[PDB]
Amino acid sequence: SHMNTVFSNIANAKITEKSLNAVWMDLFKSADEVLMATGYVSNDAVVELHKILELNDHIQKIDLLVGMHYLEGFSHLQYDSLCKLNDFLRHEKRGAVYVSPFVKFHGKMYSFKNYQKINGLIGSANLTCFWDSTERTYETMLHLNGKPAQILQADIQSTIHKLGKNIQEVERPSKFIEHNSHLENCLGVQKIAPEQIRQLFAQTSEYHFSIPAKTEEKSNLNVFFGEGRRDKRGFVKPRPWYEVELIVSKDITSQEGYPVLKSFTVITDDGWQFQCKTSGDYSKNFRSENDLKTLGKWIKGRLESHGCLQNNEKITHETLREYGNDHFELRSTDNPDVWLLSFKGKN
C-alpha cells in the first residue's frame, strides 16, 4: 500500500493502474525538493529540465546525480548542458549537479519532497523528458509513499554524499563520445542500409521540391524558443528541443505532384525510414506521423553532429550557411507513397 508498481503501460500492455510519465510529472509538479539519481541523460532532457526550473519556481532544491557518464563517456552536448544547469542551480542556490568519479553508478532513483509528504520512484527509468507524454521504452518503477519513501529518500541522499562530486569541481573530460541523436529510438523509425539508399536515390524523380529551412527566431524550426504551454495547476512546459514545425508555403504545396493532405513513407539520404503526413491550411504542415520529435531530431541532430548547432541555440542563416545547406529536398519515387527527403551538408 505504501508500495505500488508503476509501469509505462504502452504497447497494449497496460499492467499497472497508473503510468510512469504521468506519475513522475504529478510528483514533480507538487514537490518543493527533488532528489534524482540516474545512470544516463540526454542533452534535450537536461536542457528542458533547465528551462522548466527557469519557468517554474516551485522546486526549491534539486539535486541530480548523473552516474555513468563521467567514467563511461560524455558527449560535449550532454556535459555542457549539465554544467549550464549546475551554473543556474548554484547561482539560484536551488541545488547542484553531481557526477560519479569513483564508480560507474547505474541506479535510477527519484525522491519528491512536498512539505512533509514524501514520494519515491525506483526502477529502470533513466532521466528523460518525463514531461513528454510519448513513452518510447517500456519502463518499470516502484512507487513508494510514507515511511518507506522516507527511507529511500535518505538512501538517495547517502548515495549523493558518498558517490557524488559537484560537476563544477571535476576536470572536464579530455575526450568525448560523439553526439548520437539516436533516431532509431523515435517511434516508427527504421534504418535503411547504405546500399539500398544508393540504389534508391540513383533514380530520377518525376517530382522535385526544395523546401526552405526557415530561420524565424521563435517559431517554425525554432518553436523551442516560442511560448511554453501552461497546465491547469500553472506548471509551464517549454516546447521540446527536438520539436520543429516544418511549414511549407503555398507556392510549393500548390505545385504539381506535391503530396497534399496525405500520409506517405519518407526515406532520408542518411538512411532513415518513417511515415510523414501533410495537413492543415494549404497542406502546409509537414510532420513525422508516429513521433512528434523524429523530424526535429533528424534536422537538428544532423546540425548538431556537424558541430553547426549546440545547446539552447537558434537556427540562423549562419547555421545553414556553415552546414552547407538551407533547403530540404523532397522528391518522388516510382511509388506515389514513398518519397525521398534530403538535408545533406557540405561535409
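Residue indices: 1-based, along the sequence shown.
*Asks:* Averaging CA B factors per stretch from the PDB record, which one is higher: 70 to 78 or 175 to 183?
*Replies:* Taking the mean C-alpha B-factor of 70 to 78 and of 175 to 183, the larger value falls to 175 to 183.
*Asks:* What stretch has the higher average Cα B-factor here, 310 to 318 or 42 to 50?
*Replies:* The stretch with the larger average C-alpha B-factor is 310 to 318.
*Asks:* Taking the Cα B-factors listed in the entry, which of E243, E206, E139, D270 comes out highest?
*Replies:* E206 has the highest C-alpha B-factor of those listed.
*Asks:* Checking the record values for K262, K104, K84, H143, which has the greatest CA B factor?
*Replies:* Largest recorded C-alpha B-factor: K262.
*Asks:* Would you please rank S8 by its C-alpha temperature factor against the other modelled residues of its chain and give the third it falls in: lowest, middle or highest?
*Replies:* For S8, whose C-alpha B-factor we compare with every modelled residue in the chain, the answer is the middle third.
*Asks:* Would you mind ranking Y282 by its C-alpha B-factor against the rest of the chain and naming the third, lowest, middle or highest?
*Replies:* For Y282, the deposited C-alpha B-factor lands in the highest third.
*Asks:* For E33, does the deposited CA B-factor place it in the lowest, middle or highest third of the chain?
*Replies:* For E33, the deposited C-alpha B-factor lands in the middle third.
*Asks:* Among the modelled residues of this chain, does the Cα B factor of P238 put it in the lowest, middle or highest third?
*Replies:* Ranked within chain, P238 CA B lands in the middle tercile.
*Asks:* Using the temperature factors of the C-alpha atoms in this entry, rank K108 within its chain: lowest, middle or highest third.
*Replies:* According to the entry, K108 has a C-alpha B-factor in the chain's lowest third.
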